[PDB]
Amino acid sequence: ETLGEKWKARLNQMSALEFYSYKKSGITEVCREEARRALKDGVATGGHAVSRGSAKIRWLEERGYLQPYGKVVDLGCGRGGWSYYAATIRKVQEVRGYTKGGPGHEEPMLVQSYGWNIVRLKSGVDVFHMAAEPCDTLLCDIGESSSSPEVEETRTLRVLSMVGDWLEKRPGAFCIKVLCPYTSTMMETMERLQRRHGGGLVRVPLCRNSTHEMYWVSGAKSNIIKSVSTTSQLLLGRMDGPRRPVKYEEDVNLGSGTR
């Protein structure tokens, strides 16, 4: 039994009050109250991010874990937070977004932050059925939390199998969400993937404590077992400590205008 699997077992045993207290304890979060009201009014020129994903992907890029450029493919774009942030980067030529958009899923949102005119967001697209294309930056944020590790592991592996066909085209940069990296099989799978495509797993502090999600980014180089184990220790430690306040930060503002 791994530490992450122990974390998942402990998480499922929490009561509602225990879980919600632990979910945001000590995590970093961007303030989106201003963004929510502006978006609901239909404001598209205020620079607001359509979701908290823009801050997530910026945290990785600002620290040099990937440098988006060329043609960017955003698989599972949802509202489009990754695509809108990717559209503001120097060497990005265009951003192609795809998302399933089902009953519980998200539909693309149309805003006019900087570089909006080089973005195409398409809804109703299941990426498991579309053919892999060559690209320069491969983005994927797919994987849905579940109570059982078996479902999370299965969902993660299906994503990685689909992503492997895109990575065979060898994009220069990638950022792939790994919902469940904490099983021995998943650690083994990532090791083979890292040997073949490089990169490494990174834990973003904006992530909630209720998910073990890590991001496979081309710029990272750390060991996979150490990366997952260190993250599992952090999540386990926050369980047995008193509730720590949320570290709030200003949300990302992406400006306005065409490129």
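Just count from 1 along the sequence shown to find any residue number.
**Student:** Of 239 to 247 and 17 to 25, which one has the bigger average CA B-factor?
**Tutor:** The entry gives the higher C-alpha B-factor average to 239 to 247.
**Student:** Going by the mean C-alpha B-factor recorded in the entry, which is higher: 213 to 221 or 29 to 37?
**Tutor:** Looking at the recorded C-alpha B-factors, 29 to 37 comes out higher on average.
**Student:** Looking at 96, 177, 155, 91, which has the biggest Cα B factor in the entry?
**Tutor:** If I rank 96, 177, 155, 91 by C-alpha B-factor, first place goes to 91.
**Student:** Out of 119, 130, 159, 72, which residue has the highest Cα temperature factor in the PDB record?
**Tutor:** Among 119, 130, 159, 72, the PDB entry lists the largest C-alpha B-factor for 130.
**Student:** Within this chain's modelled residues, let me know which third the CA B factor of residue 46 belongs to: lowest, middle or highest.
**Tutor:** Highest third - that is where residue 46 ends up once the chain's C-alpha B-factors are sorted.
**Student:** Lowest, middle or highest third of the chain for the C-alpha temperature factor of residue 141?
**Tutor:** Answer is lowest: the recorded C-alpha B-factor places it there.
**Student:** If you rank every modelled residue in this chain by C-alpha B factor, which third holds residue 3: lowest, middle or highest?
**Tutor:** As the PDB entry reports it, the C-alpha B-factor of residue 3 lands in the middle third of its chain.
**Student:** Please place residue 228 in the lowest, middle or highest third of its chain by C-alpha B factor as given in the entry.
**Tutor:** Ranked within chain, residue 228 CA B lands in the highest tercile.
**Student:** Tell me, lowest, middle or highest third: where does the Cα B factor of residue 77 rank within its chain?
**Tutor:** For residue 77, whose C-alpha B-factor we compare with every modelled residue in the chain, the answer is the lowest third.
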